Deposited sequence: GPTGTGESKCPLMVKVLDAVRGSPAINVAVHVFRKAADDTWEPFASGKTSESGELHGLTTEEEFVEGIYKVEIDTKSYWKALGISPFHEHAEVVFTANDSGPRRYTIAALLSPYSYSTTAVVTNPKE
């Protein structure tokens, strides 16, 4: 008897992000997994990944140049931050 009870009763106006996971049981491999339930990615950069089997195997002169240089701006007042009866403001 696996019984899970979450926020059974609520009297009011809450701000919530419920996440309930009940479980009863190739160069890259992933199996039987839960990812990105609430994963906020901002300005995420992946250049060379999982290129493959025998990549640049022989006489492969490579010139990798990664330049992350820009007037970039990110302004998030509330990230994964539920708020009740409040005042949120990005004043810019």
Extract from the deposited sequence all ranges with no corresponding C-alpha coordinates, numbering residues from 1.
1-10, 36-56, 124-127
